[PDB]
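First, one chain by itself in structure tokens, the form deposited in one PDB entry.
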């Protein structure tokens, strides 16, 4: 299966996916990395690994639909089967999501359905949980509401900050994102016709 990874920043999840998809038994290959932001570290990681990159400045299109259309054109250019959102911090439009339904994965740094949105760690700390974690899910139109593929729990330690908690949770993210991608790329897991997760 041919994979695009979309990023907005550092790209530690991208690197974990690069590492995993290069293992001999990987059912996935990463063929393109797309960023909505210029000059971010994730682009350096892609270039270092010999993977093509494209930057699509969302600040250059009239609306969300046109921006997503620009992404989709690149996806078609590289004959992509599966899209991974790996620190990609934009909401995707309905038609784009529907087109890629069952073929687009996202990593989110909480145990969904808790702490949806862009600041999950802040929320977890404010709420006072002692267990948080991360989630890989299929992307649906409603944000962070799509079908869950894998999750991993991570403890919150007394005195944690976004810095120390995000660091601990990223260790787990780097485990479950590669595992989830392999499950989908191998056809082991798919989005079921009834909308529910199907272990084939």
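Positions refer to the first chain, counted from 1. Between two forms, the rigid core is the largest collection of C-alphas that superpose within 1.5 Å.
Per the PDB record, of the two stretches 92 to 100 and 109 to 117, 92 to 100 carries the greater mean B-factor over its C-alpha atoms. When 14 to 22 is weighed against 174 to 182, 14 to 22 comes out higher, by mean CA B-factor as recorded in the entry. Within the selection 124, 86, 71, 80, the deposited Cα B-factor values reach their highest point at 71. The entry assigns its greatest Cα B factor, within the set 157, 54, 137, 168, to 54.
Per the PDB record, residue ranking by Cα B-factor puts residue 50 in the highest third of the chain.
In this PDB entry, the Cα temperature factor of residue 44 sits in the top third of its chain's modelled residues, the highest group. When all modelled residues of the chain are sorted by CA temperature factor, residue 198 is found within the highest third. When the CA B factors of the chain's modelled residues are split into thirds, the value for residue 35 lands in the highest one. In this PDB entry, residue 132 carries a Cα temperature factor that places it within the lowest third of its chain's modelled residues.
As for the form deposited in another entry, it is not shown, yet the points below apply to it.
Fit the rigid core and compare the CA positions between the shown form and the other one: of 164, 27, 69, 53, just 164 moves by 2 angstroms or more. For residue 130, the Cα coordinates differ by 2 angstroms or more between the shown form and the other one after the core has been superposed. Put the two forms on the same core and the Cα of residue 121 is off by 2 Å or more between the shown form and the other one.
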